[PDB]
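This document starts with two versions of one protein chain, written out as structure tokens and named structure 1 and structure 2.
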Structure 1
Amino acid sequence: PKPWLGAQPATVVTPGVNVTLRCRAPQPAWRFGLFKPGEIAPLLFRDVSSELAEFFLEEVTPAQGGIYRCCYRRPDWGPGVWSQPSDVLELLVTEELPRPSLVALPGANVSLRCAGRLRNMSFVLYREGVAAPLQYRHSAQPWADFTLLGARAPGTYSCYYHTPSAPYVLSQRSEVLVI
């Protein structure tokens, strides 16, 4: 039975902060291991006698990012037997979130989509010549759709997105989309 692996405070963070990775097995275990892609031995492990093991990652750098899985092990199990792995948990430690893309949608009212590669983000649309955000939208899906009404449609637009709470991790600005 696979354990579960979760991150606090978040799964996307700025370098410097502290992260706790928590692996919960569905039954009591002896050893918990955190595994990265391409390495067969666990990167880190804890011998606890619990369903739960916690790995404190201090002042994180991009070395602490990447794909994580957790596996656990009971001592009465055969040599080299671990449990099924948890679903992956990928930790993104970065000062700049990947650039989103602003594209025109099919369709009077024009529709734009600002698409990034992360879920649960806040998206902000700008029109060149205007200093304050033209529009803004929080989305669960990794995109936001903004609508432009008639004679307002023409212009040069760009968007970006950021984490929905402080401290903020900001993406770079999309390339411009001319309408």
Structure 2
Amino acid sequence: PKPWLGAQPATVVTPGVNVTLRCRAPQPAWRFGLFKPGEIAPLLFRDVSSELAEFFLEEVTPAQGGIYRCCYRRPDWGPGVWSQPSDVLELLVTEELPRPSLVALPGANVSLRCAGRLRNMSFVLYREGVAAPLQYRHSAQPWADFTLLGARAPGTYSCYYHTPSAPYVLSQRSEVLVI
């Protein structure tokens, strides 16, 4: 019975905020383990006698980032014997997201793709000349396509991406794109 792992408030956060990792098993367990990759020893472990265990990371630092896994254990189990591991949880702690690239896709109407390297982000298109953004879209993919209408296409554009909700982590703006 594989447990599942969750991160609150987010999977991508700035250094200094508090992250609560939450592991849950189908039936109550005695000991929950928080593992980094390949290490037999859990970094953190909680004795709870519950189906749920919360791991509180106060003021996260870029060291607390990485791939996490949850496993549980019962008292009557062998030594170094743990349950099925949960699906991975990649926690990213950074001041800033890596800069996106803004390109035009060939096909009249014009389509742009703001591309970063991080999944689950909100992408935002800015028009050089206008303050408020032109278009914005939330995507699971590390890119988003914007469609520009025919004769409103020519101009100077740039994009940035950010986390969907607070605490926000922002990327820098892409190099401007000339149409």
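For residue numbers, the reference is structure 1: its sequence is counted from 1. Note that the rigid core is defined as the largest set of C-alphas that superpose within 1.5 Å between two forms.
- The hinge between the rigid parts that move between structure 1 and structure 2 is at 95; the other choices in 54, 146, 51, 95 are more than 12 positions from any hinge.
- Put simply, the smaller rigid part swings 20 degrees relative to the larger one between structure 1 and structure 2, by C-alpha superposition.
- The Cα position of residue 62 changes by 0.6 Å between structure 1 and structure 2 once both are aligned on the rigid core.
- On core superposition, residue 152 has its C-alpha offset by 4.7 angstrom between structure 1 and structure 2.
- Comparing between structure 1 and structure 2 on a rigid core frame, one finds that residue 76 has its C-alpha moved by 1.7 Å.
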